[PDB]
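For reference, the structure discussed in these notes is given below.
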Protein chains: 6
Amino acid sequence: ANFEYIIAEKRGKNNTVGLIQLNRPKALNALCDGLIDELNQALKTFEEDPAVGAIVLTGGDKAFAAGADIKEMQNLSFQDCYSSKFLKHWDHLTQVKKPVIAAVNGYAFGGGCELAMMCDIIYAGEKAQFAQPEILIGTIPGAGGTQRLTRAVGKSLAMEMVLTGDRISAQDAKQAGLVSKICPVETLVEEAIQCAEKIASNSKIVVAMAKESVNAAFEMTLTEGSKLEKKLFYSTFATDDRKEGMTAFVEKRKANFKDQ
Amino acid sequence: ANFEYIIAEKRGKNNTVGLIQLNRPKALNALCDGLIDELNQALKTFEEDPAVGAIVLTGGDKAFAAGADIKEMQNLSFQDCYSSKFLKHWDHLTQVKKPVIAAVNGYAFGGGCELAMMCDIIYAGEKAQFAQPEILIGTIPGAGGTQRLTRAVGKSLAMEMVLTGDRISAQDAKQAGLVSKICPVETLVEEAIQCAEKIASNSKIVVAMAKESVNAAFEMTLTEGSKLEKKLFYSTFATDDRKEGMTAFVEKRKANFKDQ
Amino acid sequence: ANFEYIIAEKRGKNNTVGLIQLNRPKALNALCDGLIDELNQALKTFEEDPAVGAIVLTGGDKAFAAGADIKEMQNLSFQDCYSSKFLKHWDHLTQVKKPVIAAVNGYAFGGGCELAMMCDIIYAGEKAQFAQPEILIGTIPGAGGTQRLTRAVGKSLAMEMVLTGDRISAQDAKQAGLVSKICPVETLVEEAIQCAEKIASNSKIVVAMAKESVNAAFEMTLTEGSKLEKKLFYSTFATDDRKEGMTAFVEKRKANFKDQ
Amino acid sequence: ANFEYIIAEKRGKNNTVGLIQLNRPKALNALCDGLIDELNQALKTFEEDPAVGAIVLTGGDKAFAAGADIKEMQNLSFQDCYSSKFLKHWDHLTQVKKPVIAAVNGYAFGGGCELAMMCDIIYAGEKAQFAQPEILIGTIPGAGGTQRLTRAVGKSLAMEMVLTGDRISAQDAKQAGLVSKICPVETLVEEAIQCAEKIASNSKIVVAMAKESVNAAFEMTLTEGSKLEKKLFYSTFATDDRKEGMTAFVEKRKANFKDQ
Amino acid sequence: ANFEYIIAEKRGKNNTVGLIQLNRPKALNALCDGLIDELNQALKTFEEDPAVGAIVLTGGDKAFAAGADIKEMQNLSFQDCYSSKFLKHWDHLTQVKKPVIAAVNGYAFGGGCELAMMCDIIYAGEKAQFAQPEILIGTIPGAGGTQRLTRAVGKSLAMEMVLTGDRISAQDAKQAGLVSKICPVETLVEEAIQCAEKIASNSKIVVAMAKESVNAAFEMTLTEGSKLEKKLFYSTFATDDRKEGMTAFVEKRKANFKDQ
Amino acid sequence: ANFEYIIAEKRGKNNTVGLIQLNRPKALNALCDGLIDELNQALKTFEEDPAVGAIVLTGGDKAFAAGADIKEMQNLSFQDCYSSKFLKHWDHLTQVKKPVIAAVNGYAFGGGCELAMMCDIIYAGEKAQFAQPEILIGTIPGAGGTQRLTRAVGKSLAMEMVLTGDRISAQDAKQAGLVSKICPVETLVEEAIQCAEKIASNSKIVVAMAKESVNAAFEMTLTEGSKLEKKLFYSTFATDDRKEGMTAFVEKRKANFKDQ
Ligand SMILES: CC(=O)CC(=O)SCCNC(=O)CCNC(=O)[C@H](O)C(C)(C)COP(=O)(O)OP(=O)(O)OC[C@H]1O[C@@H](n2cnc3c(N)ncnc32)[C@H](O)[C@@H]1OP(=O)(O)O
Ligand SMILES: CC(=O)CC(=O)SCCNC(=O)CCNC(=O)[C@H](O)C(C)(C)COP(=O)(O)OP(=O)(O)OC[C@H]1O[C@@H](n2cnc3c(N)ncnc32)[C@H](O)[C@@H]1OP(=O)(O)O
Ligand SMILES: CC(=O)CC(=O)SCCNC(=O)CCNC(=O)[C@H](O)C(C)(C)COP(=O)(O)OP(=O)(O)OC[C@H]1O[C@@H](n2cnc3c(N)ncnc32)[C@H](O)[C@@H]1OP(=O)(O)O
Ligand SMILES: CC(=O)CC(=O)SCCNC(=O)CCNC(=O)[C@H](O)C(C)(C)COP(=O)(O)OP(=O)(O)OC[C@H]1O[C@@H](n2cnc3c(N)ncnc32)[C@H](O)[C@@H]1OP(=O)(O)O
Ligand SMILES: CC(=O)CC(=O)SCCNC(=O)CCNC(=O)[C@H](O)C(C)(C)COP(=O)(O)OP(=O)(O)OC[C@H]1O[C@@H](n2cnc3c(N)ncnc32)[C@H](O)[C@@H]1OP(=O)(O)O
Ligand SMILES: CC(=O)CC(=O)SCCNC(=O)CCNC(=O)[C@H](O)C(C)(C)COP(=O)(O)OP(=O)(O)OC[C@H]1O[C@@H](n2cnc3c(N)ncnc32)[C@H](O)[C@@H]1OP(=O)(O)O
Ligand SMILES: [Mg+2]
Ligand SMILES: [Mg+2]
């Protein structure tokens, strides 16, 4: 479509992957309201498409996303913030049932990092950097920069990053558990698309059920989480993809999932 | 013992360790109903012996446990799953009050990894591999594969493993936090038995209290968890082992615990 | 003031860091009642100082803190423990609103480790060692040794340490996520003071808000934690430091915060 | 608007209340997809008007709402429900910032009860009846009929109603804590509108803050709930309505709130 | 049967109700280990029986249950309690998938109340009395007396009953939320059996699903509870009883559930 | 001592009850800083006294407590409220380990009600009235007025009370679950003192353990709550009062508890 801040395209073999590239080189992919609206529109379009099984979110080679547009929230008041719910538009990735992979290249600072943390899988470039510089501007991370970061990298490093604003390299993020894989800067997006293809090659319903079961780990106790996992495992037996996969395992061949 | 799927024996000097080795090289230690029943029987036999203080669960050098038997759950309906409470036996391992050490060698896929994750300590071989290939057969984990895994390796790697089924290495499992030690393939079981001995040489009641206090970290908030830990610490003063150990420390001697 | 077990002073340029050094070489900084009382007094003094923005807690070069005074709890009964509410003085550190950095050198065993775990950021020396030897004396941790450690280094390593009492090196602590950075034994305290300076250079109210937001990650679910974080982010707009920092960023100048 | 399933109009003096009356006497106000869409549209319209401070949801004198249209979900399959998320649109009531009062007359069965339970205040007629007859049609509540009802009336009565579908009278609903006030059939709507006026006469920002604080009681522990309540109380001081009301009370005069 | 402490019978038309009556009038139905074992055996028998859809638990006309056997627990010690895990067998009632109705006649003190609180529905007689006199004998409840009671009657009444040991009448329990119906002493068991028949008349799988969804209210937050309820509602469509009932209603006829 | 705003005395036979009466009829017992400080001092004095087993908090015949002093918080700003941690002195009442009974007479509005809600048992007079008028001044409760009230009287009535500032009589408060007993205005304090005596006539350690178990119901899940209750029940066996009471019961005699 006519997107002036993002570029949404169907990549990957058989056009099974959705790539949304934030295109704002003049502001280091600053997450303005219009950019967030365009991103939500692209996510809705890719989610309602039966061919796209996975989505890949990426930015530029120099900066993935520098965070919220400080120029816009400069004159905002407490009353305005509480009335308009400024950052409610940002929590749309959390509702996307299809897996989303974040290809983080370059600066992932503040909201950007938070954005990367809202995705399911994060692939970081060799020169990628993660930071929470909100404290340097008299603000705190307000879109998941303390909850998800603390749960992922622990209390110590999360506190350090949030109170000092120091940056961590892709290697530190991978060692702490924030990112799962490190890839070259030039092949990051390609490996992300390959992973998205590997994901989409499976049944979409089972993929969404597994995503929900994994997300439940941060919302429920271990016992209730295990019970919900058991209920979802029981429910998977009602789909035809489970039977097809089990028959393709018993009988030596490949499975053909119909997404039902 | 007339066991056809497992081998249970007392090991370690003074016979204080219990070793249960899964013996089914023809199915890569597929966790069938009979195998799980034999495992539960061996656990209950070692959990009631006043000599065994710790248990060590291991498999073959080629595969620790391939998971549930697909050939058994192939022709299984949702009604059957719900009525029979399928996979209930698998949770019995979590009821064992004595520490259980998982010596994972080779393949630990699906229900196997969960099994290793249901133990307190996991020792992995240099060539050991963990994975959650449920998605490849049209199903999802159902015994804590998405709950315990996510709480140890983070959201990114857990999501990746659950949605793609890719295998992780022992070094990756240790760096993420799934396993604690990487032992040679030829000495894994020996070091696991030595750790079980070291654990069993302490007060059994205090060991169980510590295990419960550690497990409570995944079921309660930090404040209530710390309060329960403090209550257990107060309760430990009712046992004679605490006074014995403290008097041995103050007198610079060895403590002879009586398990009471 | 006149302290027998600790030394409290103001370090860092402009006298902005509060350094509390435990001084008890003959007992390896054993956390006795008097030592804890003096530590609480120093923490209260530094928290009520408008010039101190961060506190640095450290011990000796040989041992940071060996744990509670076993000599004092040897003849303690269950009734005495529950009537006196033992160890509650230790939780005062968790009530400090200002950030506290733990510079751990040498032995950090038992309560000492818990002490470091009660702080926000932990800096460990190259030769620092962490352990939980409570099980070796017939007791268990009672000040978060099984709750924070489990959440930090995972279930496997936490269980191993708690049930065996073995020690982990500073490198293992960093790889597991218990500590954030490793510094030479000669510059540990200096680097900790330098980090505390950077921390205190920001708005104190915003720093406290960020600390509360990060701490909320261990007391609430992801949804409620994120909602509380959003509410605190909205509230930050009521302070003048937020507007000052945002204007300095827009104007490309240094922000002169005033703690309001 | 040209709504065909509901009637939305401004009521109360100064047009401060919004009234949405479900109009479908041929199906006992069955909650069909079109009716839910019209209800959500009316809510969004009333939630964006700076004059409407409260909303009153009501139905007919014979039946408030008979629940979802069974004739529409008759042929729905498990995959269809999982993919389309049949009962997702119903949750919009939970996202309304302004308070909503439910005027229940006659039958409030199944969804109609859940809908009433999704509102903040419930006023029932002298002859109103509540029930959960899902069990009688081979299904269970799916919009909170087992969570809110159990928290409101308790485990015993909730279990009874859910497993038998027996109807409870407005008197038994007030005695159990589900209904707050019982009114005559011919005066229920007027008293509900008077209560909505009393609510809207206050500062809308503080009203929404108090609504959120009350809702937080069912989402977090008592300690974190009280901490969030204290944080919201601190934040209320940033508004002008707080100081205005406090000065009007200290001066013994009327307060003129301006919603800021 | 060969039982000596209880009487287990199949009552109700078509023998669809399971009646377990405590038959130890010489000790006011003291809950001894043998009585609990017989109760668990009868519960397992009635659960494995496909004809039984609901269970009714009752005692004598003078006393339902006086609680645990004070004579058996007199010489117990802390070490014995911790090693044998006293009162664990009592939790079997919480694992019964089929609904259980408690017909409380006469005294229900201590455990007898907790047992009654472990069931899904509680029918109390006009002369029934509930109390927690454990405090009068130097111990606190240990089978949910402080957890389930507080969640039903409120903090004030629960605290009063637990600390003073005072008794509450059946009317007080009905007005608080502990019991759902009050019946004459002569027809209590008959009305309980009628309710059990009405419950069993529905599909057993959906009844168990609804019971689980209701129990979920006391284990997770409102959001996760509603999500689990919605997932169970989706899963109910995989059964044939849902479609059967919906078609029977659409065709204006009675539904014939086959429990599948 | 010389208290200018309260009167603390030892009432009840054997001087086993601690009565604290708020004496400020000119401001309807408005809770100010000095009044709260004196209340905390009296509470600490009565808690440290080995003879007082229970405390009774009461006010005047016309008003129990009209809430916080609006005259002081009038000119308070957000920064002041946040830096000073306003109203934390009110939480000390929740830290009292001994039971506290609230005798409410006349007006119990806002903070006062919260104060009554902070106690364990609430005895209300025939003319007592409870309300949350914080909405009528432009603020919200800040001492648990929305959490405890919502957990006690339900959402439907708590929302109304918080958004309208309406007064509920002692009868409604008792029917909803906020108060446990209604007594004449002239005999309220006497019955409260009698209940305090009945409570103090038991083992103080067991009473404190029971209070802790009951309070745990609002901080943990049902399963973890039951496990903590079981742990406390096991710990009670370490005290001598348990054995004494059990022997007195088995021997049909009066128990002589030694508070140990
Ligand atoms: C609510 C939230 O959770 C998020 C937030 O509050 S924002 C917190 C995270 N983001 C930040 O703090 C802002 C980024 N801060 C910086 O210092 C940097 O720009 C950077 C480190 C990312 C890169 O630094 P750099 O390489 O020197 O490039 P730099 O010249 O500063 O930036 C290029 C342009 O992007 C703009 N820009 C950068 N970050 C921006 C942001 N967050 N918002 C708006 N504009 C931004 C710059 O102002 C500049 O624009 P101009 O043409 O008008 O000069
Ligand atoms: C949560 C739950 O409880 C549910 C689950 O876990 S679902 C199970 C998830 N786990 C798996 O799918 C892993 C099994 N998948 C595999 O792809 C492979 O068997 C493997 C990668 C483990 C081994 O690869 P391999 O070295 O080539 O050996 P392979 O020839 O496949 O297997 C040897 C035998 O074990 C059987 N086997 C292996 N895994 C099995 C399993 N999970 N169930 C049943 N049988 C299995 C094979 O069918 C084969 O049997 P046959 O002699 O009849 O041919
Ligand atoms: C959670 C809680 O609050 C409860 C707890 O923490 S329980 C305490 C857990 N801590 C421990 O068990 C201590 C660790 N065990 C040890 O054996 C050693 O003391 C150590 C490994 C720290 C040092 O080893 P070392 O280099 O050989 O020196 P060592 O000779 O043992 O100790 C030096 C002095 O400190 C004392 N000391 C060391 N740790 C102590 C402790 N936790 N309490 C009291 N005194 C201690 C020694 O007794 C000794 O004093 P003396 O002059 O009387 O001999
Ligand atoms: C899981 C969820 O959360 C979703 C749900 O809510 S499931 C729905 C649970 N609720 C119900 O089942 C209640 C509806 N069931 C009934 O038995 C009855 O209609 C009643 C008990 C409400 C009493 O009503 P009544 O006046 O005696 O009978 P009735 O003649 O059937 O009602 C009038 C009309 O509304 C229809 N109707 C009533 N309830 C309906 C419903 N939930 N859906 C669709 N149509 C309904 C009737 O079929 C009938 O329509 P026709 O003109 O085609 O005959
Ligand atoms: C697991 C839990 O949480 C529960 C627990 O731990 S402790 C159980 C707490 N429950 C109690 O304390 C109730 C028992 N206390 C009593 O005061 C009384 O027995 C009562 C009020 C129930 C009955 O009053 P009563 O009508 O006068 O009858 P009473 O003469 O006392 O009892 C009849 C016989 O039952 C026995 N009995 C009564 N309650 C008993 C109990 N809980 N356990 C064992 N035996 C009991 C009596 O000892 C008594 O004497 P004999 O058998 O030797 O002849
Ligand atoms: C921490 C919290 O959660 C609490 C809060 O945030 S805010 C406090 C919430 N509570 C209230 O607002 C109730 C107080 N408001 C009132 O309107 C009334 O006083 C009342 C409804 C209690 C009825 O009182 P009344 O019978 O008409 O007598 P009234 O003349 O108003 O009061 C007598 C005196 O007490 C004062 N007073 C009453 N309530 C007061 C309060 N909360 N604070 C300070 N002073 C108060 C009056 O101003 C008056 O003092 P003066 O001699 O200066 O006139
Ligand atoms: Mg880690
Ligand atoms: Mg009630």
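The numbers used for chain B are those of Swiss-Prot, and the residues that appear cover 31-290, in sequence.
Method of determination (from the header): electron microscopy, 2.3 Å.
Every residue, even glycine, has its Cβ placed from backbone N, Cα and C.
Swiss-Prot has this to say about the protein:
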type    : residues                                       : note
BINDING : B:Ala98, B:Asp99, B:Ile100, B:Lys101, B:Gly141 : substrate binding site
MOD_RES : B:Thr46                                        : phosphothreonine
MOD_RES : B:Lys101                                       : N6-acetyllysine
MOD_RES : B:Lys101                                       : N6-succinyllysine
MOD_RES : B:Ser114                                       : phosphoserine
MOD_RES : B:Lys115                                       : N6-acetyllysine
MOD_RES : B:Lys115                                       : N6-succinyllysine
MOD_RES : B:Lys118                                       : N6-acetyllysine
MOD_RES : B:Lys204                                       : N6-succinyllysine
MOD_RES : B:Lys211                                       : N6-acetyllysine
SITE    : B:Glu164                                       : site 'Important for catalytic activity'
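For B:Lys101 (substrate binding site), the nearest neighbour among the recorded positions B:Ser114, B:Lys118, B:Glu164, B:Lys211, judged by Cα separation, is B:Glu164. All protein chains shown were included, and the count of other CB atoms within 10 Å of the CB of B:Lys118 (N6-acetyllysine) stands at 12. Between B:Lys115 (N6-acetyllysine) and B:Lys204 (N6-succinyllysine), the C-alpha separation comes to 33 Å. Each of the modified residues B:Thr46, B:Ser114 was assessed for Cβ neighbours inside 10 Å, and the highest tally belongs to B:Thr46. In the shown protein chains, 28 other C-beta atoms lie within 10 A of the C-beta of B:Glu164 (site 'Important for catalytic activity'). Considering only the binding-site residues B:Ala98, B:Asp99, B:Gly141, the residue whose Cα is spatially closest to the Cα of B:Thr46 (phosphothreonine) is B:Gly141. Of all the binding-site residues listed (B:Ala98, B:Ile100), B:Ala98 sits in the most crowded Cβ setting, with the most other Cβ atoms within 10 Å. The Cβ neighbour count for B:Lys211 (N6-acetyllysine), using a 10 Å radius and every protein chain shown, is 18.
The local packing around B:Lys115 (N6-acetyllysine), expressed as other Cβ atoms within 10 Å of its Cβ over all shown chains, amounts to 13. Cα to Cα, B:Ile100 (substrate binding site) and B:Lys118 (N6-acetyllysine) are separated by 17 Å. If you compare every pair of Cα atoms in B:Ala98, B:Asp99, B:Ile100, B:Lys101, B:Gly141, the residues listed for substrate, the longest distance is 14 angstrom. Each residue contributes its Cα atom, and for B:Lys204 (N6-succinyllysine) and B:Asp99 (substrate binding site) these two points are 28 Å apart.
Apart from B:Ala98, B:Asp99, B:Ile100, B:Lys101, B:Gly141, the substrate site neighbourhood in this chain, defined by C-beta within 8 angstroms of the site C-beta centre, holds B:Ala60, B:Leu61, B:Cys62, B:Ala96, B:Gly97, B:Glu102, B:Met103.
If you measure from the Cα atom of B:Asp99 (substrate binding site) to that of B:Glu164 (site 'Important for catalytic activity'), you get 12 Å. In terms of Cα distance, the recorded positions that sit within 10 Å of B:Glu164 (site 'Important for catalytic activity') are B:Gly141, chosen from B:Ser114, B:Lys118, B:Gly141, B:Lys211. Cβ crowding, taken as the number of other Cβ atoms within 10 Å, peaks at B:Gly141 among the recorded positions B:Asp99, B:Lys101, B:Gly141, B:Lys204. In sequence order, the recorded positions from B:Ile100, B:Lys101, B:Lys211 that place a Cβ under 8 angstroms from a chain A Cβ are B:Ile100, B:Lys101.
Per Cα geometry, B:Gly141 is the residue among the recorded positions B:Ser114, B:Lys118, B:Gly141 nearest to B:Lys211 (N6-acetyllysine). Cα of B:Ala98 (substrate binding site) to Cα of B:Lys118 (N6-acetyllysine): a span of 12 Å. B:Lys118 (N6-acetyllysine) sits 13 Å from B:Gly141 (substrate binding site), counting Cα to Cα.
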